[PDB]
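What is reported rests on the model, the rules as stated and the sources as named; these are not laboratory values. Please note: Cβ atoms are built from the backbone with ideal geometry, for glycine as well, and neighbour counts cover all protein chains shown.
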Amino acid sequence: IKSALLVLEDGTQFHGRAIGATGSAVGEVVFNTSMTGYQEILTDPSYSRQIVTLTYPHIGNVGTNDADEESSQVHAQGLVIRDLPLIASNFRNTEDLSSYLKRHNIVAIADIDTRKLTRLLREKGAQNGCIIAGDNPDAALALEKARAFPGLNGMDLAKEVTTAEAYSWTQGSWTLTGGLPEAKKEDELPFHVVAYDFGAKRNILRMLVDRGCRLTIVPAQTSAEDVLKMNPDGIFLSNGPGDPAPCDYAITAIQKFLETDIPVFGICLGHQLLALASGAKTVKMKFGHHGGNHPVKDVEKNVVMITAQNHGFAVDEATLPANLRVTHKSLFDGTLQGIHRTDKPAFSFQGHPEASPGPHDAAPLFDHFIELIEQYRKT
Amino acid sequence: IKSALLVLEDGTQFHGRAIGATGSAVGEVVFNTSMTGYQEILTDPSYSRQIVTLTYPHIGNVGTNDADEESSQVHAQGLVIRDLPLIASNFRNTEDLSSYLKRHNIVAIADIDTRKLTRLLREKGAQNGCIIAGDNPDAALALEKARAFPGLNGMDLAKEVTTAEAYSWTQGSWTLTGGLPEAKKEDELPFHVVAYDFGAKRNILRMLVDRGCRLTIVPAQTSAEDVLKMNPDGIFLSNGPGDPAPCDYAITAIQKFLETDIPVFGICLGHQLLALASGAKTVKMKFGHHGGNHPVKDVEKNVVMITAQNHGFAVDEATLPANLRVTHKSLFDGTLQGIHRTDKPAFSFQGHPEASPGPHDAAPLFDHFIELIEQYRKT
Amino acid sequence: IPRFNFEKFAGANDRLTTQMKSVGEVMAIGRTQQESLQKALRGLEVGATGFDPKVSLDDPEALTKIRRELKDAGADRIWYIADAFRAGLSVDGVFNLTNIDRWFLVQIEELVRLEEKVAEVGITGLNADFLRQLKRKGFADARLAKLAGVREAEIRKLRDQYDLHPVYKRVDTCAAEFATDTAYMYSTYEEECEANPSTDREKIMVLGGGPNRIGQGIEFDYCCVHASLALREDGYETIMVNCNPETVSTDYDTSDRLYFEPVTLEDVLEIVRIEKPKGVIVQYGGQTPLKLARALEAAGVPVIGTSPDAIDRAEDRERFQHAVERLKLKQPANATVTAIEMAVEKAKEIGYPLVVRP
Amino acid sequence: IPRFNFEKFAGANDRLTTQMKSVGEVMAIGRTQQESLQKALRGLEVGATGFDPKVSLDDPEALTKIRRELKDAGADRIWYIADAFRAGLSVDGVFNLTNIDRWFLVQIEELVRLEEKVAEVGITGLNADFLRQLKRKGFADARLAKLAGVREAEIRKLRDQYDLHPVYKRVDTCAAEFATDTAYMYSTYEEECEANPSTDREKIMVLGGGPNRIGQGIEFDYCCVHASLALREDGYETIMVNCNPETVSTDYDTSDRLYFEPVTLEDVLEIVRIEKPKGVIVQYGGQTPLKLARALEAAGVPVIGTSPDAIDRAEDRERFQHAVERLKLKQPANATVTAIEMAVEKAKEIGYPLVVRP
Ligand SMILES: [Cl-]
Ligand SMILES: [Cl-]
Ligand SMILES: [Cl-]
Ligand SMILES: [Cl-]
Ligand SMILES: [K+]
Ligand SMILES: [K+]
């Protein structure tokens, strides 16, 4: 019997079984409705300082494998699931989930009422929490650790997950037949795009190269100046953890980029930056958007897309400068999903066009970016 | 595939399989002929800085369990075997060998010609060596490390494994029916024995307790004055790793004891220490004695006992003070195995009366010690 | 789980293939696969309480039967699979024979292992900790009882004791990301209860027939719906209990509250426990609920309409013969023969031709 | 491994019990248990090359037979155990029927799994690494040959090709803690060789008969021993090859060098390979060594005494009739019938009473 326990701020306790590493974990507790893609979810930098609870009871049915890693490591602070399957049954599986969590030293519990928990989060809103996996989990200590958490609000996490130095990315996407392709010769890739690592997911990068872009991955606090020196075909602003609001360095930069004619495209966090730099305000959601079944409408086309969502902050539509048009909107709750600058080659999306895991419905958003680049190069 | 490599000082290589933790281990290599008792052997402090090769091909058949631990941890530097069984098959097993090794972070190799290795050590004498377990084991590096090993001669390891602070020991032996007993109460043990921790095996303590001694386990460097102050019914000198020679603090104190009428008994290193303090000399053996089928004659009675041996140094019989009478000799090589002070209540055995593992044949050695104590209390 | 009727077709080929041969199907919802699967087995209306054994353990030819059943599937294959584990076949061996994904097989295996424990420890061994573990795996009272050598009710009382009852969760299409005003629930052994019964209205319970089979068709379900539509119109709070995925009865629109559960004593009693209806209709869903009436009334269930006893009076061949007698009505000459030779004589009496009912 | 002769006692109860029914025994030594066991099986003189199957994979009835053979042990048990793994039974399954420690079972199962890979990859898949791993688990060329669907010589060719030969270790009573001047050896697939043959003397090899069976008793061993004592006395360096633990022949004092090995072509050729004897006696160990004479000679072994061909001449009914003929000697009336009716007619010819030899 390996105990594990989860206690929330509110003192709500969840008694379960330990399936990962021994120890404690603390962060914001969130729920994700994704019935597939657990591995991709765990390795999503956006999840830094977050304890993840998955709605789908059976997490681990297909084990794990390297190709399903969205980053170099598991960024999620902890994992909460209903059932941990006896085995992994997938030709792609290279390592069972328990061993994998253990390997990556992740604190995680199973066998709890993930439903009860979800309802609580959705009703009362996000809550910081703590997991304690050990011989005799101390409920008090847990609550203490939980209450003591500083809180994502106003927390710059982007600076904690970004790359030390910059680097190049010329790798495209996976295929069933071919798996993960060898990385593309630099001379082989048409466009050069500079991308700000705010805790960038590999799939984004891969989908860019897939589109003819060579990439230069830069640290978060990189200066616009340093960038403009590179003679970028376009600039990219990745996804990433925490509050977009305290990221002064990037907002500033972005603004500089905004004086140029350079094409600018942002995803998730990047979308929030683009907005802030644009003059709008952000807000922290009650519980956010975490799942892969989220309908979003391209208002312009009046069409719907099923999308991958991972965000706890949003752009307040009501503070939008006018140089900022509304492009997309959540069909679930009315919240802001996309924007384009009326005056510049700059646009962004709140969900994940790159999915992984999730519907490939929003992928074409990239296409537009390219369109801006190609036209830029035309000039 | 999980590689492992073993390289000797002389450059001899052994390629195998990794069965323990990833990494490298360096030390003196020895071979032990015990067909059973692997765990006990692994947890024997006397094996500190030594790489243990087992001559019996299948090691781990019975897994492992706490009762078979001869100390708080695995002291062997590494483990070298021929074959690691598919399963542990014994009602007593609580963890398979491999898992246990990994848990103790021990570097271990299997699938090598231990016979060749054994014949090599026998023929040429002990050698330092290094095991490297990992992705691509560097044999040149292994050789470097092995060659760099300072070696056991002149090395005091006793001070290395001794207890930091003194403590009491009142737990007796294990039984099939009952397992390991609850530690006795002090008022339940007639005699009080002060035992020097030079890397003492639990079985010795347990056995002593079985005989009526409550124990006070003291640091290797503890002064005679400090001890004497305790009013010991007798003084015990434990087994332990390395050269006995360099242990000046010990020799000094023993000499002091030797001025009193307090009974003194030593096992293994303690035997070596008692001899040195009485003016004899110690030598490093070609390869030493490491097994559980070693005949030792009690010259006085002319009887043979099958013994548990674990030693690489010996007392030179041809340098024995006339006050030191030979009580036992090895029937394998005629080396010194027992001595008694002709003028003082002090004796010692080169082997391990407490066995664990091995034959119980020499246990009566303890009894003689109790004798001295009872008589000493008579006075 | 599909429902078959092979016994009605003695001469037919009972092996499963690409042409459908099932007559109906039952559905179950569980917080886990195990739970879900066992719930479906118990709601199948085949006399199964779960993974009831099909072959004896002491049967020397048992491995042969099991192998055939595994290699060339019939409607009983699900049971033969647990029998395989009992008999010592490995998950791999089973897999090679069935090609059923190991992910599923391993779970059945686990269940078998736990079954074994039960069997070993007996009713004594069913502490609350373990009993709860078993319930969370979908184990039925009836099943555990056979394993422990006790009446189903004993296991059920036992749960009363430990205050070991299921909780009701809701179907909402969105994994609880959104609130729901609909009462479409299922039972699970979890923490939070979502039933939230009303204290407000008088409630009426309608018991469905489970999966359709020959003789137990849509006709009964039709009735069931009508009971619901009617009483609700009449302002009663209607609660449907059924687990047939094909019908109108299991359409959340059809009643106020829908409990998508096995139409068993156990399952029903749990609903009634929290619901405490004014009454329960068991005369409309066919043989399924009918067979539960007696037991339900005994457990203090408010069975409305023709009493279970009345029912029995008609169905009992003896009870009935009596009242027809009493009504001075015409019935065909009958006899209740035990032995062959008895029949021949009794036969001579009655007169040929003859209808032999077993 | 004990040796039985049930076939000779048709009417006998052939199940193993507390009263011995065995007629002899074989012994093997290996650096691992798998190696040891497999070597024993191939030296048992029953036609085994290791774990040869007893029942077919496609026999629907196989699991019933397998189960019977495990539950109630006969002499074939060891072979039925691998057949059980082959058929999907688990280690726990096999344990419950046999009570043989899992420690041993798991090892047999691992062999089966390896056999499965061999069968799959075929001769082509037998690269030097894999083949060496197999050899290390005690697999005979003969068993590999069968799985790969080639002649045994083909596997042996391959080893020559890879220079994959065994090494010889010595028995010493002390796990190598002390040197030995005795040459009591066994083969294994290891690193260091301790054979250290002599280049000095004219060597004579004597092949034993393995385990005794009815008809192949001590008398053959007796001869084997004498050859050794004689030739040794005459100054020859005597090399004894046998694996019967009960006999004098396997006493280290009886010969200069003793190779306690399976008396198989495979095993003998490897010894010859390194000893390079002057001659080999195959005529004294009974059937076992006789059966190997031709192959040895052909593989280039210096068989001494009555040639293989000669022996053949005498053993072959046909060749013989021919010689007896040639010498104008008396031989009972004989025929070689193929069919029944053919025999009736021929029988007429020959004359009753008759001796019908298979
Ligand atoms: Cl919970
Ligand atoms: Cl806010
Ligand atoms: Cl080696
Ligand atoms: Cl020396
Ligand atoms: K729980
Ligand atoms: K090797």
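Structure summary
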read-out: Boolean, residue D:106 is within 13 Å of chain C (Cβ to nearest Cβ), in contact with a helix residue (DSSP H, G or I) (Cβ under 6 Å, 6 or more places away or on another chain), surrounded by 19 or more Cβ atoms within 10 Å (Cβ to Cβ) and outside any loop (DSSP other than H, G, I, E, B); value: no
read-out: Residue in the stretch A:94-113 that is out of contact with any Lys or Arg (no Cβ under 7 Å at 6 or more places or on another chain), away from ligand 4 (no atom under 16 Å from the Cβ) and in a strand (DSSP E or B) present; value: yes
read-out: Subset of the stretch A:246-272 that is within 16 Å of ligand 2 (Cβ to nearest atom) and out of contact with any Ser or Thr (no Cβ under 6 Å at 6 or more places or on another chain) - its residue that is nearest to the other protein chains (Cβ to nearest Cβ); value: A:269
read-out: Candidate set: the stretch C:147-205, residues that are of a type in the set (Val, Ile, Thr) and more than 14 Å from every other protein chain (Cβ to nearest Cβ); chosen: the one nearest to the chain's Cα centre (by Cα); value: C:155
read-out: The stretch B:13-29, subset in a strand (DSSP E or B) and in contact with a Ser or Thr (Cβ under 8 Å, 6 or more places away or on another chain), residue farthest from ligand 5 (Cβ to nearest atom); value: B:29
read-out: Residue in the stretch B:364-373 that is within 16 Å of the chain's Cα centre (by Cα), surrounded by 17 or more Cβ atoms within 10 Å (Cβ to Cβ) and touching a residue at least 40 places away in the same chain (Cβ under 8 Å) present; value: no
read-out: Residue check, residue A:243 touching a residue at least 40 places away in the same chain (Cβ under 8 Å), farther than 27 Å from residue A:188 by Cα, away from every other protein chain (no Cβ under 14 Å) and within 16 Å of the chain's Cα centre (by Cα); value: yes
read-out: Among the residues listed as B:71, B:89, B:48, the single one being in contact with an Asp or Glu (Cβ under 8 Å, 6 or more places away or on another chain) and under 25 Å from residue B:144 (Cα atoms); value: B:48
read-out: Lone unmet requirement of (1) among the acidic types (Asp, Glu); (2) touching a residue at least 24 places away in the same chain (Cβ under 8 Å); (3) part of a helix (DSSP H, G or I) for residue B:226; value: (2)
read-out: Residue identified as polar (S, T, N, Q) and in contact with a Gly (Cβ under 9 Å, 6 or more places away or on another chain) among B:335, B:307; value: B:307
read-out: Subset of the stretch A:30-86 [within 17 Å of residue A:239 (Cα to Cα), among the charged types (D, E, K, R) and outside any loop (DSSP other than H, G, I, E, B)]; value: A:40
read-out: Residue match in the stretch C:62-84 (condition: in contact with a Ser or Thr (Cβ under 6 Å, 6 or more places away or on another chain), within 30 Å of residue C:185 (Cβ to Cβ), more than 14 Å from every other protein chain (Cβ to nearest Cβ) and not in a helix (DSSP H, G or I)); value: no
read-out: Residue in the stretch C:42-54 that is surrounded by fewer than 16 Cβ atoms within 10 Å (Cβ to Cβ), without any contact (Cβ under 8 Å) to a residue 24 or more places away in the chain and farther than 20 Å from residue C:245 by Cα present; value: no
read-out: Breaking point among (1) assigned to a loop (DSSP other than H, G, I, E, B); (2) away from ligand 1 (no atom under 16 Å from the Cβ); (3) in contact with a strand residue (DSSP E or B) (Cβ under 6 Å, 6 or more places away or on another chain), for residue A:150; value: (3)
read-out: Checking residue D:130 against (1) surrounded by 15 or more Cβ atoms within 10 Å (Cβ to Cβ); (2) within 14 Å of another protein chain (Cβ to nearest Cβ), the condition it does not meet; value: (1)
read-out: Some residue of the stretch A:101-110 being hydrophobic (A, V, I, L, M, F, W, C) and either free of Cβ contacts under 8 Å to residues at least 40 places away in the same chain or within 16 Å of ligand 3 (Cβ to nearest atom) (or both); value: no
read-out: The stretch A:81-126: number of residues that are surrounded by 17 or more Cβ atoms within 10 Å (Cβ to Cβ), within 11 Å of another protein chain (Cβ to nearest Cβ) and among the acidic types (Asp, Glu); value: 3
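Residues checked against (1) within 15 Å of ligand 1 (Cβ to nearest atom); (2) within 14 Å of chain C (Cβ to nearest Cβ); (3) under 30 Å from residue A:207 (Cα atoms):
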| residue | (1), (2), (3) |
| --- | --- |
| A:2 | no, no, no |
| A:15 | yes, yes, no |
| A:25 | no, no, no |
| A:33 | no, yes, yes |
| A:48 | no, no, yes |
| A:57 | yes, yes, no |
| A:70 | no, no, yes |
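Every residue, every condition in (1) without any contact (Cβ under 8 Å) to a residue 60 or more places away in the chain; (2) assigned by CATH to the domain that holds residue A:231; (3) aliphatic (A, V, I, L, M); (4) on the phi > 0 side of the Ramachandran plot, yes or no:
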{"residue": "A:263", "(1), (2), (3), (4)": "no, yes, no, no"}
{"residue": "A:269", "(1), (2), (3), (4)": "no, yes, yes, no"}
{"residue": "A:273", "(1), (2), (3), (4)": "no, yes, yes, no"}
{"residue": "A:279", "(1), (2), (3), (4)": "yes, yes, no, yes"}
{"residue": "A:282", "(1), (2), (3), (4)": "yes, yes, no, no"}
{"residue": "A:286", "(1), (2), (3), (4)": "no, yes, no, no"}
{"residue": "A:289", "(1), (2), (3), (4)": "no, yes, no, no"}
